[PDB]
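Heads up, the thing below is written out as structure tokens.
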Amino acid sequence: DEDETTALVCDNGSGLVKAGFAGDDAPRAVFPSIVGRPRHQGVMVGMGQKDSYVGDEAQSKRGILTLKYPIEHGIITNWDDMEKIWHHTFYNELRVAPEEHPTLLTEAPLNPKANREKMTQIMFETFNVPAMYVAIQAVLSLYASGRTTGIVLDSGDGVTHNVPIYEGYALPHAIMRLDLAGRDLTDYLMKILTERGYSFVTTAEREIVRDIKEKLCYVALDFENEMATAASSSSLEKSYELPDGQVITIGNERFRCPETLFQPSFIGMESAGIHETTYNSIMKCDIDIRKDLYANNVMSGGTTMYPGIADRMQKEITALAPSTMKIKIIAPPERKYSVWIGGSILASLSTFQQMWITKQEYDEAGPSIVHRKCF
Amino acid sequence: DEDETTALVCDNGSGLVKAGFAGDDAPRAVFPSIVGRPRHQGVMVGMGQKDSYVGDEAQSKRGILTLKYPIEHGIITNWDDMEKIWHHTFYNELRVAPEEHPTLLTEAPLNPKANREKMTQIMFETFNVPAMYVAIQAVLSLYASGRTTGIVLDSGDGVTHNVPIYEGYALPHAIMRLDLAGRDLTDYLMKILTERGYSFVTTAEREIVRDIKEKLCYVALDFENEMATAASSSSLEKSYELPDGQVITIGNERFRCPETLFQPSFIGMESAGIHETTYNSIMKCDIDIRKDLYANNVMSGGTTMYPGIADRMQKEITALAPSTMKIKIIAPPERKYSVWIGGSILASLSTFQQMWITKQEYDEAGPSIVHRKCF
Amino acid sequence: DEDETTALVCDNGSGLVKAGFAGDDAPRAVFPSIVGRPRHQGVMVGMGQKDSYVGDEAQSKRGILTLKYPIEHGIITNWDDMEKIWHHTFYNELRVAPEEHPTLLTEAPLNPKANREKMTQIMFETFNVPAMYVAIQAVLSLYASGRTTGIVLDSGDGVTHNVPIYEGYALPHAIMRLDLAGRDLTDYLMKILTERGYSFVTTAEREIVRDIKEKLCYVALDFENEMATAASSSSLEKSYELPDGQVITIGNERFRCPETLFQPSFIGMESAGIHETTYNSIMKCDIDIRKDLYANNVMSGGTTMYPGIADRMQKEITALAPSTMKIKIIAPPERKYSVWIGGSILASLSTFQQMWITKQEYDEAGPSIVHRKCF
Amino acid sequence: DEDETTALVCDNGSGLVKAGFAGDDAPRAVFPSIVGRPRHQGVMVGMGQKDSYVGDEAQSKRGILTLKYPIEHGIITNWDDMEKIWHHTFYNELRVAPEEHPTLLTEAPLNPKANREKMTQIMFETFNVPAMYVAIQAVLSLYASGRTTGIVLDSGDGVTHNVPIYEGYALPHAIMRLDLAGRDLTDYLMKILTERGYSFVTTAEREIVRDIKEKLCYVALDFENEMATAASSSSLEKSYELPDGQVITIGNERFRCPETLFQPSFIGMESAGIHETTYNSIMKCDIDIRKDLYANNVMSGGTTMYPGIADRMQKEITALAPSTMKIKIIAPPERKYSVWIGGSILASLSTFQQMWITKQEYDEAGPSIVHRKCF
Amino acid sequence: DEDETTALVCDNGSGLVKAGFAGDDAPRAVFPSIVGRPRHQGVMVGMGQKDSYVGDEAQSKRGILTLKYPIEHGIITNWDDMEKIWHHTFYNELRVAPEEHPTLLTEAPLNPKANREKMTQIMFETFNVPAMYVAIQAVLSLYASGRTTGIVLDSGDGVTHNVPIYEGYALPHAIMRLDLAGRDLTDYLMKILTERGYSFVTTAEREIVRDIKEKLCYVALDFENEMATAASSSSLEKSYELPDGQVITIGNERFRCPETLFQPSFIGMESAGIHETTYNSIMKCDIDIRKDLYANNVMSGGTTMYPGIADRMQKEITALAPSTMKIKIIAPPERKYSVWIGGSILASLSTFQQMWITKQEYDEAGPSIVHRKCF
Ligand SMILES: Nc1ncnc2c1ncn2[C@@H]1O[C@H](COP(=O)(O)OP(=O)(O)O)[C@@H](O)[C@H]1O
Ligand SMILES: Nc1ncnc2c1ncn2[C@@H]1O[C@H](COP(=O)(O)OP(=O)(O)O)[C@@H](O)[C@H]1O
Ligand SMILES: Nc1ncnc2c1ncn2[C@@H]1O[C@H](COP(=O)(O)OP(=O)(O)O)[C@@H](O)[C@H]1O
Ligand SMILES: Nc1ncnc2c1ncn2[C@@H]1O[C@H](COP(=O)(O)OP(=O)(O)O)[C@@H](O)[C@H]1O
Ligand SMILES: Nc1ncnc2c1ncn2[C@@H]1O[C@H](COP(=O)(O)OP(=O)(O)O)[C@@H](O)[C@H]1O
């Protein structure tokens with residue numbers, strides 16, 4: 001609180017907002033992106049509740065609330081709800097006066113121009129920021145990495161991409177999309193557990209299943225052989241206590257759930273699994289740069305956090321590639337916050353501080369400015 | 001760095017610049033003559049790239065870049081690009097201060113007067129050389145050889161010539177031209193490999209094919225009989241690993257590609273093959289000097305480097321010449337740098353140091369001087 | 001069904017089989033070339049479905065099926081699938097007994113010898129044809145045209161060529177290739193529509209987008225000026241009802257999609273647009289025949305069907321050619337079936353009936369016969 | 001078509017056949033003497049072309065064809081090709097039945113006896129002429145002129161001669177030969193235009209250059225002074241449109257090309273220029289007849305058609321001859337057909353009709369007859 | 001190198017210089033008399049050539065050089081060139097210091113007084129000889145012979161004479177001249193070989209033809225009968241390999257060429273053949289000395305070297321002379337050097353050493369002295 005200034009790095013996630021100050025090593029505020037007020041709301045004797053805050057309160061308030069994601073699949077679809085999320089971010093989580101900070105916002109891949117313009121309009125008109133930037137989330141991640149060359153497999157919450165990069169450039173024609181990512185894997189685990197006679201269907205039960213997924217699932221060494229071991233499997237049958245206190249047993253569901261990344265037909269997806277899309281992406285590049293891609297396969301995103309994933313990707317890529325090809329899979333430790341960190345590096349870039357968009361630019365060429373000939 | 005001085009010998013090739021110091025046995029700097037910057041250029045997060053350097057970086061940077069040759073067919077056609085190549089030569093490759101060195105430049109056969117004048121203007125005005133010479137590349141080669149008499153077959157990258165020489169003089173009416181040389185053979189190998197179901201069409205793929213040509217092609221003992229052996233040929237089917245790691249098999253393409261020098265109709269050229277042009281050149285000379293030409297057929301240029309070429313030329317010339325004629329084919333070992341070496345000998349000629357062109361001559365009779373009544 | 005005989009004209013297209021009887025004015029059978037069976041196949045209560053028929057059933061059966069093209073890029077790559085397509089052609093579409101009809105088959109440019117031999121082997125051994133011919137598809141088209149001289153621009157589904165022709169001969173060195181054609185334009189329209197927030201990614205969605213392309217796209221008068229008019233464009237914003245019944249609006253995507261033929265960099269292609277390849281092809285011919293080429297530029301192929309294409313080509317060629325050059329663009333009305341019609345003319349050529357290949361020739365010199373010294 | 005008869009006057013030129021009926025004022029048929037069929041011949045879909053007709057078709061068919069002259073340097077060297085030229089002459093150009101017409105044929109200077117005998121054998125055995133004569137082409141020209149005395153400079157297509165004549169007799173020891181004539185000047189113009197960066201090397205390009213030569217070249221008033229005016233020459237820089245439509249500029253090449261007749265060293269010829277050979281020829285005659293030669297210098301042949309040639313020859317001869325010598329240069333208007341006209345006069349000579357050679361003479365003393373003791 | 005002294009005998013021939021020391025049996029130095037430097041001279045890379053040496057170098061250097069004879073027809077016409085020939089003679093061929101040797105020079109018949117004076121001036125002023133003599137070449141030959149009486153037929157290179165001699169005196173009125181000799185016969189053989197379709201026109205080709213003449217020509221026994229035998233002549237058709245290696249066949253040209261000495265009308269000469277001039281010379285002498293002439297006909301000169309010439313001259317003279325006349329033809333073996341040998345005898349004549357001309361005589365009565373009242 002003086003001269004200088006930082007850069008409000010707000011990564012608008014499909015399920016979680018990550019926000020903080022440029023220059024910090026990780027976001028200081030992480031809260032669910034949802035909207036929820038009592039679904040039954042039966043009055044009582046007073047009030048003192050906040051209608052649709054969701055954020056952190058919701059979670060801990062599981063069972064009372066309803067949820068909505070105004071950013072459900074990564075694109076913002078409800079501007080009144082999004083204004084509530086940004087107000088919460090600035091005033092309740094970070095506890096800042098937004099008019100004192102240049103703010104860098106992230107946007108999903110393929111975000112419409114008109115959507116970026118509405119984001120810009122709200123920042124300047126509603127929150128009175130002195131400036132702002134919009135950055136592409138994949139791009140920020142790439143930034144955080146620091147690798148000019150290599151092929152990234154980025155699997156997050158709602159989408160997975162394979163992005164080959166040569167000298168810093170995402171050759172746009174190589175990238176392929178997959179709908180599936182963690183949101184789909186949590187829904188599939190709810191369904192397969194419901195196969196055993198359990199019942200996980202409510203909003204609260206979804207949260208419970210997301211926790212089972214993140215704590216007990218793993219990727220097999222070989223799907224077929226893991227299924228065969230399931231028979232005499234005395235390991236798989238882990239126990240998990242529900243908040244009600246009942247204890248369920250989870251066995252082959254531990255590896256059947258994430259097997260979907262390699263076999264999208266488990267959820268009905270025709271798409272090619274992540275090892276096939278990696279190969280298909282490398283084959284859309286020049287033959288010449290393929291050796292550099294094969295030796296620099298970088299994993300990113302929350303859904304690449306499973307133990308065993310790098311070794312499995314090494315095995316599968318080795319099976320598809322030429323016999324003399326050197327293959328290397330890199331996974332950065334704390335991948336998931338790779339998107340926020342790239343934003344932090346960019347926003348905290350004094351040297352490129354002219355890329356931030358300003359109140360004068362917005363007034364001159366409206367918000368589009370932050371879209372036409374920059375970010 | 002003292003008195004005396006050397007002579008900047010810069011051989012401006014259609015595909016490669018050869019440059020160094022007069023008196024060295026070979027050029028110290030050899031780099032592709034091209035211009036290229038990112039064809040897709042997708043920004044990123046910083047810079048630190050050099051726009052259109054090409055030189056050596058390009059090659060190793062295959063797939064990102066585009067190429068241009070400002071000297072595509074041997075004549076310089078873009079002076080802003082050529083200034084970049086000469087700046088790279090002096091400051092980045094040789095690491096010299098050009099104002100300290102007389103510089104000998106080479107020029108293609110049939111280079112327009114106005115082109116030699118523009119070369120001269122740039123050397124004096126842009127690089128401030130103390131002097132300079134322009135030399136004819138064929139001539140330099142001839143110089144390097146050291147043979148006063150004989151008929152040279154010089155096949156390089158973009159052109160092939162037959163030059164009969166009697167007492168040091170190129171009888172200008174005997175020389176014949178051929179468009180075809182190595183540039184054409186690389187393009188033809190790309191095309192014939194594409195016949196087998198492979199696809200070699202990009203800039204990067206051209207470089208790959210140039211490597212296959214230089215490592216695996218050869219000239220047959222007899223074209224017709226080699227084609228007949230192709231059937232039960234278990235030798236021809238060599239393997240070559242692409243940078244992508246795939247392995248292709250090359251068979252009759254190994255000798256079909258260079259067969260074009262003897263049969264220009266393979267690429268649609270009406271011209272007479274190199275054995276016919278040799279004979280036609282000797283027959284435009286006096287009958288009397290023909291015995292000296294037949295016994296001194298000297299091969300020069302990169303495209304004469306194929307194993308077997310001297311024996312094939314001996315066989316073909318013997319078949320066309322009178323039965324009692326003594327025929328000898330000479331091939332100098334490291335032919336290709338024959339052009340640079342001749343320049344080095346000339347430029348490093350203290351005794352003929354008055355042939356260098358000077359800043360006073362350029363100022364007096366402009367650059368033309370280095371054209372009218374000298375080189 | 002008597003003496004005489006016709007000629008089974010089967011044009012094996014990358015996406016569509018065109019087949020019929022020699023002498024008919026157009027093919028009587030046109031069906032998608034694909035292979036597809038239920039991707040989910042969930043049993044039920046009976047059967048009565050045909051595993052991978054594709055043909056016409058598929059289309060109308062959109063959403064259930066998967067697709068494969070055994071001729072994806074014009075070259076046949078799966079012989080068991082191709083045998084199914086030919087069986088369907090003969091027995092289900094034409095309803096003929098193949099052993100009663102000489103059959104002319106078409107093949108893609110650059111089809112390997114061994115591939116033509118396998119086509120021949122199947123016709124004689126599997127279908128017992130009395131004879132057969134293999135014809136080159138471009139050639140058949142040329143045949144259908146009837147023009148000895150002129151430069152053809154042929155843009156079809158998977159490839160576009162510029163072919164200069166003087167007295168009936170395709171000067172092979174003039175022709176240039178382009179990967180792009182209609183298959184690429186449909187993929188690019190799916191991608192650009194997905195930019196607006198729509199989602200066209202499935203096999204069924206590809207078919208939907210191919211229909212939007214064929215019904216609503218057009219080529220601009222000038223790309224730059226059309227983009228500028230897009231702003232106040234109240235015309236462009238056509239509506240299109242999806243099979244789900246939702247209605248999308250299509251605007252600048254109508255002309256951005258086919259702009260790719262003139263600007264291949266829109267899909268990442270370095271290649272030169274079709275006006276540049278036309279000029280480059282004419283410049284590889286003798287100067288003398290150029291006036292005949294400029295006055296006989298013939299358009300062929302499905303991707304040349306856009307309204308406005310001839311006028312745009314006239315404008316662009318006029319801008320590149322000498323000022324006194326007479327330029328004429330010819331487009332034959334029903335171009336697309338130009339390939340089948342040329343086959344029909346050839347196959348129905350009683351006078352050249354000796355070019356058909358026979359069961360005795362195949363038995364004597366195997367199938368190669370239909371390759372070595374004929375078609 | 002009745003009694004009487006004319007005389008088939010066929011002048012077998014190195015580049016053009018001139019043929020017609022004795023008594024006509026000029027030949028009715030003039031066509032290139034060449035042989036050419038498709039050099040690439042790529043089949044197609046039919047035929048209807050004539051293999052190696054050349055004649056007129058070739059020219060108009062420039063770029064497809066190859067050429068051969070069976071009479072390249074004036075002497076017939078291929079009898080199967082010559083039979084094709086004579087068949088074309090009789091049946092396609094003149095449309096006559098050769099067995100109805102005595103035919104006079106011309107032959108080059110120094111034609112071997114055996115060659116005249118083979119010409120005679122073909123006329124009688126192949127074409128069944130009733131008679132024939134062979135005439136010496138120079139002689140026919142002399143005949144056409146009508147001058148008994150004077151020195152002729154005859155410059156045609158492949159040769160130039162100086163022939164002093166006193167009372168009708170060519171004093172054989174005075175005549176001198178020069179290789180150079182129009183064929184050489186066209187080749188030299190191709191070469192010098194290629195010096196400016198143009199490229200004229202193909203058969204079609206040779207025809208183009210022959211047209212530039214015949215339409216735009218001229219002989220200078222003084223070579224040295226014309227070169228000096230070239231600097232500020234704003235006239236010379238004429239424009240010429242190529243069939244491709246490009247426009248080239250021609251300047252000093254307009255007079256440098258024909259300067260070769262006066263300076264044969266421009267093409268490497270040691271020979272003395274045409275003014276020196278004229279003087280050298282007059283000095284090999286008696287001193288006494290020199291005054292008659294100096295006052296009757298007659299120009300003949302196509303290469304004497306340049307505007308300015310008579311005035312230049314007057315100037316140069318005046319400079320070499322004694323000061324009191326009366327010098328006169330005569331140039332007949334339509335010189336080039338001077339050879340055919342002399343043949344027409346001779347052949348149409350009823351009074352000397354006994355000089356024609358007959359079928360009985362050929363049968364008696366073979367063809368030689370038309371050689372031994374006549375023509 | 002001591003007292004005494006020899007006499008520099010330099011025979012200045014029209015084509016060959018013969019020089020040596022008086023008293024030697026034959027000249028030690030024989031070299032072509034010519035002047036020649038590169039006709040094309042195209043620079044190169046150095047020098048080390050001698051501009052117009054000609055001498056021996058020329059010959060062996062055939063094709064590069066030009067020729068000039070400063071003594072073309074026997075009379076010296078260029079004194080700067082002649083000084084070069086004499087310098088070469090003294091310093092390069094004989095390797096003498098001319099100031100140490102009295103030098104005898106030969107001169108052609110009818111050499112002008114002023115020419116002999118200029119020869120004398122050069123010897124004394126340029127070469128500082130101590131003395132010199134000028135001798136008449138015919139005279140020297142006569143001297144070498146040793147016959148006081150008889151009629152000599154002397155046929156050399158540029159002239160042929162018939163000289164009747166009675167008691168040592170050439171009766172000047174009897175002698176007759178002929179232009180023709182070997183120079184003419186070589187030119188005529190070039191022309192007649194060019195009749196068969198060969199082409200011998202250059203300086204190098206002249207040298208080749210001179211060799212064919214000297215190795216294969218001969219004089220017939222009877223011209224008419226030799227021509228008649230030519231038909232079934234299987235002998236005449238000798239082969240001769242050209243330096244280019246081609247092989248020509250020579251037949252009746254072997255005797256047609258030298259037939260010109262007996263029939264000068266073959267080259268257009270009106271003159272009477274050598275047998276007629278012999279008879280005409282004898283008839284201009286007294287009747288009384290004719291018997292001595294008829295019995296002493298001595299042949300001399302290079303052109304009398306043909307085998308068969310003495311027998312033919314015996315036959316022809318017998319046919320013209322009275323029936324009882326004794327006729328004898330003498331031919332000295334090595335006739336050609338008869339001119340040099342006579343000079344050697346004279347110059348080496350101690351007894352007549354007072355006839356040498358001295359530096360004092362030249363200074364007193366200038367050079368004329370060696371002309372007025374001596375030689
Ligand atoms: N340790 C982990 N193991 C497996 N999945 C994880 C882990 N940590 C986070 N995830 C999952 O990763 C997803 C969030 O990843 P993220 O890269 O932030 O996605 P996005 O950027 O698409 O919002 C959620 O589905 C979450 O459950
Ligand atoms: N060993 C080799 N075998 C065959 N071709 C070769 C070899 N080395 C070089 N070349 C070829 O020679 C050509 C370069 O020859 P060069 O004489 O330098 O040509 P230029 O002087 O016309 O630029 C290139 O086409 C190159 O591929
Ligand atoms: N009216 C049309 N307008 C634009 N494209 C068309 C039209 N009709 C057909 N096409 C396209 O033309 C292509 C098929 O053309 P065709 O010449 O048959 O190709 P190929 O021979 O390469 O299989 C398909 O991409 C199709 O969508
Ligand atoms: N008007 C002209 N000006 C200059 N050259 C001409 C002209 N007309 C014809 N020629 C040339 O004259 C030559 C033909 O002359 P011609 O006397 O017929 O030769 P030849 O008899 O040796 O065949 C050709 O080289 C042609 O280009
Ligand atoms: N063996 C020979 N047969 C025929 N001619 C010969 C022979 N030897 C020399 N000659 C010719 O004789 C001529 C030279 O004779 P020479 O008496 O020296 O002449 P000159 O004195 O007139 O110079 C040359 O033409 C040469 O070719």
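Every chain in the structure tokens has a letter given in the order shown (A, B, ...), and although residue numbers restart at 1 in each chain, ligands are simply numbered from 1 in the order shown.
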Quick one: residues within 10 Å of ligand 5, with only C-alpha atoms and all ligand atoms, as JSON, numbers by chain?
{"E": [11, 12, 13, 14, 15, 16, 17, 18, 71, 72, 73, 74, 108, 137, 138, 141, 154, 155, 156, 157, 158, 159, 160, 180, 181, 182, 183, 184, 185, 186, 207, 209, 210, 211, 212, 213, 214, 215, 216, 217, 218, 258, 300, 301, 302, 303, 304, 305, 306, 307, 334, 335, 336, 337, 338, 339, 340]}
Which polymer residues have any atom within 7 Å of an atom of segment 234-249 of chain D, counting only C-alpha atoms, with same-chain residues fewer than 3 positions away left out, as a PyMOL selection string?
(chain C and resi 287-288+290-291+322+324-325) or (chain D and resi 252)
Deliver the residues from the most recent selection as a file, using C-alpha atoms, as a compact mmCIF listing (two decimals), in the first residue's frame.
```txt
# COMPACT_ATOMS: atom_id res chain seq x y z
CA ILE C 287 6.48 -19.21 -72.97
CA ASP C 288 5.07 -19.97 -76.35
CA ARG C 290 1.25 -19.79 -72.32
CA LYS C 291 -1.26 -17.77 -74.36
CA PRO C 322 0.84 -9.58 -68.61
CA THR C 324 -2.22 -7.79 -73.05
CA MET C 325 -2.96 -11.41 -72.15
CA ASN D 252 22.30 -2.48 -78.24
```
My list of candidates is C:7, C:75, C:64, C:204. Which is closest to chain B when distances are computed with only C-alpha atoms?
C:75
Counting only C-alpha atoms, collect the residues of chain B whose closest atom lies at most 8 Å from chain D, and write them out as a PyMOL selection string.
chain B and resi 110-112+173+268+270
Could you write out that same residue set with C-alpha atoms as a PDB file, in the first residue's frame?
```
ATOM      1  CA  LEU B 110      26.518 -14.411 -66.827  1.00  0.00           C
ATOM      2  CA  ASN B 111      26.099 -12.039 -63.864  1.00  0.00           C
ATOM      3  CA  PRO B 112      24.812  -8.693 -65.201  1.00  0.00           C
ATOM      4  CA  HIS B 173      32.218 -20.839 -77.839  1.00  0.00           C
ATOM      5  CA  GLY B 268      11.695 -33.496 -68.750  1.00  0.00           C
ATOM      6  CA  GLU B 270      15.485 -32.117 -73.658  1.00  0.00           C
TER       7      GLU B 270
END
```
Give me every helix (DSSP H, G or I) residue in segment 189-355 of chain D, going by DSSP on the backbone, as an MDAnalysis selection string.
chainID D and resid 189:194 203:216 223:230 253:259 264:266 274:282 287:294 302:304 309:320 338:347 353:355
May I have the residues within 12 Å of residue 292 of chain E as a PDB file with C-alpha atoms, in the first residue's frame, using only C-alpha atoms and disregarding those fewer than 2 positions away in the same chain?
```pdb
ATOM      1  CA  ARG E 147      77.173 -28.653-111.958  1.00  0.00           C
ATOM      2  CA  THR E 148      78.396 -26.024-114.384  1.00  0.00           C
ATOM      3  CA  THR E 149      76.177 -27.127-117.165  1.00  0.00           C
ATOM      4  CA  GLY E 150      72.619 -28.387-117.388  1.00  0.00           C
ATOM      5  CA  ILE E 151      69.046 -27.172-116.976  1.00  0.00           C
ATOM      6  CA  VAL E 152      67.727 -27.132-113.417  1.00  0.00           C
ATOM      7  CA  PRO E 164      69.513 -23.328-118.032  1.00  0.00           C
ATOM      8  CA  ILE E 165      73.188 -23.048-117.117  1.00  0.00           C
ATOM      9  CA  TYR E 166      76.202 -23.146-119.381  1.00  0.00           C
ATOM     10  CA  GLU E 167      79.564 -22.830-117.726  1.00  0.00           C
ATOM     11  CA  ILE E 282      65.813 -24.970-123.729  1.00  0.00           C
ATOM     12  CA  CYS E 285      69.064 -21.134-125.649  1.00  0.00           C
ATOM     13  CA  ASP E 286      71.428 -21.710-128.550  1.00  0.00           C
ATOM     14  CA  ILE E 287      70.609 -24.851-130.482  1.00  0.00           C
ATOM     15  CA  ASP E 288      74.180 -25.836-129.947  1.00  0.00           C
ATOM     16  CA  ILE E 289      74.047 -26.057-126.114  1.00  0.00           C
ATOM     17  CA  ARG E 290      70.701 -27.874-126.127  1.00  0.00           C
ATOM     18  CA  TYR E 294      68.879 -32.267-122.270  1.00  0.00           C
ATOM     19  CA  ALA E 295      71.464 -34.571-120.757  1.00  0.00           C
ATOM     20  CA  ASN E 296      71.730 -32.544-117.509  1.00  0.00           C
ATOM     21  CA  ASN E 297      68.200 -31.781-116.259  1.00  0.00           C
ATOM     22  CA  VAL E 298      68.687 -31.368-112.495  1.00  0.00           C
ATOM     23  CA  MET E 325      68.326 -36.702-128.212  1.00  0.00           C
ATOM     24  CA  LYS E 326      69.971 -38.217-125.095  1.00  0.00           C
ATOM     25  CA  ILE E 327      67.832 -37.152-122.109  1.00  0.00           C
ATOM     26  CA  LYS E 328      68.878 -37.544-118.454  1.00  0.00           C
ATOM     27  CA  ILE E 329      67.099 -36.358-115.327  1.00  0.00           C
TER      28      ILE E 329
END
```
Neighbouring residues of residue 70 of chain D were defined as those with any atom within 7 Å, considering only C-alpha atoms; residues of the same chain fewer than 5 positions away were excluded. Please report them as a compact mmCIF listing (two decimals) with C-alpha atoms, in the first residue's frame.
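Contents of around.txt, as written:
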```
# COMPACT_ATOMS: atom_id res chain seq x y z
CA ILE D 34 12.30 -29.85 -90.06
CA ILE D 76 20.94 -33.55 -97.29
CA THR D 77 22.08 -36.00 -94.61
CA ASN D 78 19.05 -38.25 -94.00
CA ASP D 81 13.56 -37.74 -93.66
CA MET D 82 14.16 -36.11 -97.08
```
At a cut-off of 9 Å, using only C-alpha atoms, what residues contact residue 133 of chain A? Leave out same-chain residues fewer than 6 positions from it and give the result as a PyMOL selection string.
chain A and resi 102-106+120+347+355-358+370+374-375
Once you have the residues from the selection above, write them out as a tab-separated table (two decimals), in the first residue's frame, restricted to C-alpha atoms.
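What ended up in result_11.tsv:
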```tsv
chain	number	residue	atom	x	y	z
A	102	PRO	CA	-4.02	-4.05	-12.17
A	103	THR	CA	-5.82	-7.36	-12.52
A	104	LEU	CA	-4.97	-10.25	-14.81
A	105	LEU	CA	-7.91	-12.57	-15.58
A	106	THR	CA	-7.73	-15.97	-17.22
A	120	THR	CA	-13.46	-6.44	-19.41
A	347	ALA	CA	1.07	-10.51	-14.48
A	355	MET	CA	0.67	-5.64	-22.21
A	356	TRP	CA	-1.74	-4.84	-19.37
A	357	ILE	CA	-4.92	-3.17	-20.63
A	358	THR	CA	-5.90	0.15	-19.20
A	370	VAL	CA	-7.97	-6.53	-24.59
A	374	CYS	CA	-3.28	-8.47	-27.34
A	375	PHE	CA	-4.80	-10.33	-24.48
```
Extract, using only C-alpha atoms, all DNA, RNA and protein residues at most 10 Å from residue 363 of chain B, discarding same-chain residues fewer than 6 positions from it, and format them as a list in words.
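What passes the distance filter is residues 121, 124 and 369 of chain B.
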Keeping N, CA and C atoms, export the residues of the selection given above as a short mmCIF file (atom, residue, chain, number, x, y, z; two decimals), in the first residue's frame.
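Below is the file that was written, out_31.cif:
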```cif
data_model
loop_
_atom_site.label_atom_id
_atom_site.label_comp_id
_atom_site.auth_asym_id
_atom_site.auth_seq_id
_atom_site.Cartn_x
_atom_site.Cartn_y
_atom_site.Cartn_z
N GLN B 121 29.08 -1.56 -54.70
CA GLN B 121 28.53 -0.46 -53.92
C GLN B 121 28.27 -0.85 -52.47
N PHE B 124 31.66 -1.32 -50.48
CA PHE B 124 32.31 -0.08 -50.07
C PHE B 124 31.45 0.78 -49.17
N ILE B 369 34.18 -0.05 -62.37
CA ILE B 369 35.61 -0.31 -62.46
C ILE B 369 35.91 -1.80 -62.27
#
```
Excluding residue 281 of chain E and any residue of its chain fewer than 2 positions from it, enumerate the residues within 9 Å of it, using only C-alpha atoms, and give them as a PyMOL selection string.
chain E and resi 151+162-164+173-176+276-279+283-285
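The strand (DSSP E or B) portion of segment 92-184 of chain D consists of residues 103, 104, 105, 106, 107, 131, 132, 133, 134, 135, 136, 150, 151, 152, 153, 154, 155, 160, 161, 162, 163, 164, 165, 166, 169, 170, 176, 177 and 178 of chain D, with states taken from DSSP on the backbone.
Coordinates place atom 24 (C, counted along the ligand's line) of ligand 2 at a distance of 19.9 Å from atom CA of residue 250 of chain B.
As for atom CA of residue 362 of chain B and atom CA of residue 100 of chain B, they are spaced 17.1 Å apart.
Counting from atom CA of residue 42 of chain B, the distance to atom CA of residue 168 of chain A is 7.8 Å.
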